[PDB]
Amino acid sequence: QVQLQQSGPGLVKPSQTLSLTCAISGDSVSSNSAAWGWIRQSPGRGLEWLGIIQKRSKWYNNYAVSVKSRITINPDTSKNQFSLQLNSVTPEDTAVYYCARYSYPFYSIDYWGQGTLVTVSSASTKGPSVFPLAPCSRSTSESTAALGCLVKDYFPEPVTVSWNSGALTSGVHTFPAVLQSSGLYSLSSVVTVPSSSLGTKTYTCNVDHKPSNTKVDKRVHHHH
């Protein structure tokens, strides 16, 4: 059939040059019956067209507006490949990159590459700062209150959060971390607790980040 093999580094330092290669098999890059281009997709986001090339009377190209100043798509008529090059990269260029074949005449895409996840990050291994999560002017009316811990700015995954040294497992909800533009992760863990015992009962999170040797306990101070 037609095969599209993507190639290139998965990690790029910010403000550097992102470079990928789509090796074609079962067709020619200089085909008069097809067009070749790149499409990217930020994690948890939607598709976005980057650029395209095709050989008619001569080689033509069309680039999306926002990358046009930085993007370059070059057909390698030797190795039967076509490349993608992004100058001056930034964390918002972090995405999954798909190369694709546009079929004439409707320019529909019948073939894709396997897609390569490229991260734009200079993040170093770092220990998180653990801050308490507690509502200020609470004044509850229900038998349930929420408290937790903010595990901010760490690298890399994972981080283990426990409550009261493992004695508190019920009502515990640790959320999947976020990947900020900085390249660092932030995570939250919260507990659903009875509000009738907030005055006597205590709650402490036990955050552990092994790569940086972070062993921090943090008592979540209840406001009243």
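Numbers follow the displayed sequence, beginning with 1.
A.B. asks: If you take the mean CA temperature factor per stretch, which one wins between 184-192 and 41-49?
C.D. replies: Taking the mean B-factor of the alpha carbons in each, 41-49 is higher.
A.B. asks: Out of 23-31 and 56-64, which one has CA B-factors that are higher on average in the deposited record?
C.D. replies: The entry gives the higher C-alpha B-factor average to 56-64.
A.B. asks: When you compare the CA B-factors of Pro105, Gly113, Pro132, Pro128 as listed in the entry, which one comes out on top?
C.D. replies: Among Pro105, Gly113, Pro132, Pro128, the PDB entry lists the largest C-alpha B-factor for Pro105.
A.B. asks: Take the CA temperature factors straight from the PDB entry and tell me which of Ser83, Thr144, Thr94, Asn80 peaks.
C.D. replies: Of the options given, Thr144 has the highest CA B-factor in the PDB entry.
A.B. asks: Ranking every modelled residue in this chain by its Cα temperature factor as given in the entry, which third contains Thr140?
C.D. replies: Highest third - that is where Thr140 ends up once the chain's C-alpha B-factors are sorted.
A.B. asks: Ordered by C-alpha B-factor within the chain, which third holds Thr204? Give me lowest, middle or highest, please.
C.D. replies: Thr204: CA B-factor falls in the lowest third of its chain.
A.B. asks: Lowest, middle or highest third: where is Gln6 by C-alpha B factor in its chain?
C.D. replies: Tercile = lowest for this residue's CA B-factor.
A.B. asks: Among all modelled residues of this chain, ranked by Cα B factor, put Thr160 in the bottom, middle or top third, i.e. lowest, middle or highest.
C.D. replies: Lowest third of the chain for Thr160's C-alpha B-factor.
A.B. asks: By the recorded C-alpha temperature factor, relative to the other modelled residues in its chain, which third is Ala123 in?
C.D. replies: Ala123: CA B-factor falls in the highest third of its chain.
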